[PDB]
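Trainee: quick one, fold the following:
(3 chains)
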Amino acid sequence: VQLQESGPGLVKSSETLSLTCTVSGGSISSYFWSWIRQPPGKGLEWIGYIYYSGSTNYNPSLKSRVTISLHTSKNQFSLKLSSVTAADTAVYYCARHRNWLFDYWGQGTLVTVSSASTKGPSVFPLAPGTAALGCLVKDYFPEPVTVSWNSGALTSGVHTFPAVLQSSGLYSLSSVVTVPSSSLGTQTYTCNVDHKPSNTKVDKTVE
Amino acid sequence: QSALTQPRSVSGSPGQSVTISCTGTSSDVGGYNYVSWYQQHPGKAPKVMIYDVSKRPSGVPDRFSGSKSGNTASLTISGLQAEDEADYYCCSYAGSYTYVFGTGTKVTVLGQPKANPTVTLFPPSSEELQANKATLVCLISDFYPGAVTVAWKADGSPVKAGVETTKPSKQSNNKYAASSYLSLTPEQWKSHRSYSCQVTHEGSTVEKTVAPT
DNA sequence: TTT
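Mentor: Residues are numbered from 1 along each chain as shown, chains lettered A, B, ... in the order given. Take a look:
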């Protein structure tokens, strides 16, 4: 018995997010059938469930926006989430709910909410024992961006963070290097930002 | 409803025990005995470990046990093994055909000594301010275990709006780093006397402060 | 309608 989510990975802002769960090796003629989501790096949030007879019950904070429907001729159940914004960006899981627990979960599908067109990043300096310095790579779409330092020659103490999707529908990330503070203003530290989707490269020397 | 309160971080060496608390209200955790617990490894779906407060599904090792006290559920893992390192979520029925999940706890099976975070807080760059934007960047580096709470303050007063924080990720040296961003308008930035990034790691708190200048 |  197995559940798996299908449907698009990218939805536009203020439109309806649609996903379908297909059950295999088992019927949908018993039990509850549920949707749960998880924003990237955050906790689980119950969206709702549908009983096999058709009764729907949703999370009270999402109620006016959520539809869960059964499709018995396909052995599927669906989710529609209206009025979607960047805050609805999450991994969406379907799951069977039986005897007061969620027992068989799908692998999940990341849904990113943005109507953003392709855009290259603005790169801003994070200016500085040891001193931290970095580059803020701001307002790009879509993923990914790669950051290196001094054309890949500087790797020790380098850390590039995972991207955050802002309320604007655009991503931001930071990359940092920890260097000796006695080298500041003599050694140069340059972040090389590569955003292939927009055909953009930026070099920013931070001081 | 409100998410069930869990500690951000619990840890132990292999062979030790840990307990994870899950505090709800009398209308959820303390209203029914329909508490379940879920284990989540990176990139994977949650997997049920406990249901009905204390029952184990088939195949779940007996080192996992569940309990309840008032409005608090607990998951206890005896004899920690390396593979127990994961996130754990409690869940409770919350009345009238609803469920609420807990905020999640990272269980770390200790393989290094703990390391305190180095916190650097960057103010908005003058270049970003000229772009009519302002982002405070709080960098947290070289900590273990990989779990931290970040709180922002403006003149000693909590700021919840405009905050985005990354889940801790491993550095090249095998310790963790995390980042938090406070997004402001230039006017907000200039209006206040001071801004702070407060990092809590394994009981201890590190605070850094910055001001327009 | 609904464990």
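
Trainee: just the residues contacting stretch B:30-40, thanks.
Mentor: With C-beta atoms under 8 Å, 6 or more residues apart in numbering or on different chains as the test, stretch B:30-40 has contacts from A:44, A:100-102, B:22, B:24-25, B:29, B:46-53, B:64, B:66, B:68, B:70-73, B:75, B:86-95. The way it works is simple: take the backbone N, C-alpha and C, and place the C-beta from them, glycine included.

Trainee: and these, which of them are buried?
Mentor: A:44, A:100-102, B:22, B:24, B:29, B:46-51, B:53, B:64, B:66, B:68, B:71-73, B:75, B:86-94 (16 or more other C-beta atoms under 10 Å in any protein chain shown).

Trainee: so which of those are also by DNA strand C?
Mentor: A:100, B:93 (C-beta under 7 Å from any atom of the strand).

Trainee: strands - which of the buried ones among the contacts of stretch B:30-40 land there?
Mentor: Members of these lying in strands (criterion: DSSP state E): A:101-102, B:22, B:47-50, B:64, B:66, B:68, B:72-73, B:75, B:86-93.

Trainee: list the beta-bridge partners for the closest residue to residue A:121 other than its chain neighbours.
Mentor: Leaving aside its sequence neighbours, residue A:121 sits nearest to residue A:140 (C-beta to C-beta, 6 or more residues apart in numbering or on different chains; 3.7 Å). With DSSP bridges as the criterion, residue A:140 is bridged to residue A:171.

Trainee: would you mark the buried spots in stretch B:128-137?
Mentor: Residues B:128-129, B:133-137 are the ones in stretch B:128-137 that count as buried (16+ other C-beta under 10 Å).

Trainee: go on, stretch B:139-153?
Mentor: B:139-148, B:150-153.

Trainee: helices of chain B, residue ranges please.
Mentor: B:126-130, B:186-191 (DSSP state H).

Trainee: ok, chain A next?
Mentor: When secondary structure is read from DSSP H, chain A shows no helices.

Trainee: which residues touch the residue nearest to residue B:200 when sequence neighbours are not counted?
Mentor: Computed as C-beta to C-beta, 6+ apart, the closest residue to residue B:200 that is not its neighbour in sequence is residue B:149, at 4.2 Å. Residue B:149 is in contact with B:8, B:199-201, counting by C-beta under 8 Å, 6+ apart.

Trainee: hmm, what's the outermost residue in chain B?
Mentor: Most distant residue from the mean C-alpha position of chain B: residue B:130, 34.7 Å away (C-alpha atoms, centre = their mean).

Trainee: chain B - how does it break down into domains?
Mentor: For chain B, curated CATH domains gives the domain ranges B:1-113, B:114-213.

Trainee: what about those, which gets the closest to residue A:78?
Mentor: domain B:1-113 (18.7 Å; C-beta to C-beta).

Trainee: the closest one: how far from the chain's middle?
Mentor: Put simply, domain B:1-113 sits 14 Å off its chain's centre (C-alpha atoms, centre = their mean, to the nearest Å).

Trainee: residue 159 pairs with what?
Mentor: With no chain named, the answer covers chain A. Beta bridges link residue A:159 to residue A:176, judged by DSSP bridges.

Trainee: try again with chain B
Mentor: residue B:152.

Trainee: quick check: the gap between it and residue B:188.
Mentor: 10 Å (C-beta to C-beta, to the nearest Å).

Trainee: ok, those two, which is more surrounded?
Mentor: residue B:159 (18 against 15; other C-beta atoms under 10 Å in any protein chain shown).

Trainee: my guess is that one meets residue B:183, correct?
Mentor: No - using C-beta atoms under 8 Å, residue B:159 is not in contact with residue B:183, being 10.6 Å away.

Trainee: just want the residue of chain B that's nearest DNA strand C.
Mentor: Going by C-beta to the nearest atom of the strand, DNA strand C is nearest to residue B:97 of chain B, at 4.7 Å.

Trainee: test my guess that that residue contacts residue A:63.
Mentor: No - Residue B:97 is beyond contact range of residue A:63, at 11.6 Å (criterion: C-beta under 8 Å).

Trainee: any idea which residue of chain A lies closest to DNA strand C?
Mentor: residue A:54 (2.9 Å).

Trainee: can you report how many residues lie near the residue nearest to that residue when sequence neighbours are not counted?
Mentor: Closest residue in space to residue A:54, ignoring its immediate chain neighbours: residue A:70 at 6.3 Å, by C-beta to C-beta, 6+ apart. Neighbours of residue A:70 under the rule other C-beta under 10 Å: 19.

Trainee: what residues does chain B have near DNA strand C?
Mentor: B:93, B:97.

Trainee: swap in chain A?
Mentor: Taking C-beta under 7 Å from any atom of the strand as the contact definition, chain A meets DNA strand C at A:32, A:51, A:53-55, A:57, A:97-100.

Trainee: make sure residue A:114 is actually in contact with residue A:12.
Mentor: Yes - here residue A:114 lies in contact with residue A:12, judged by C-beta under 8 Å, at a distance of 7.2 Å.

Trainee: quick one on the thing from earlier: quick check: bridge partners of the residue nearest to residue A:54?
Mentor: residue A:77.

Trainee: residues in contact with it?
Mentor: By C-beta under 8 Å, 6+ apart, the contact list for residue A:70 reads A:28, A:33, A:50, A:52, A:54, A:76-77.

Trainee: how about these in a markdown table, adding neighbour count and distance to residue A:8?
Mentor: Shown next, in a markdown table, are these (neighbours: other C-beta atoms under 10 Å in any protein chain shown; distance: C-beta to C-beta, whole Å):
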| residue | neighbour count | distance to residue A:8 |
| --- | --- | --- |
| A:28 | 20 | 23 |
| A:33 | 25 | 21 |
| A:50 | 24 | 21 |
| A:52 | 15 | 27 |
| A:54 | 10 | 26 |
| A:76 | 18 | 16 |
| A:77 | 26 | 17 |
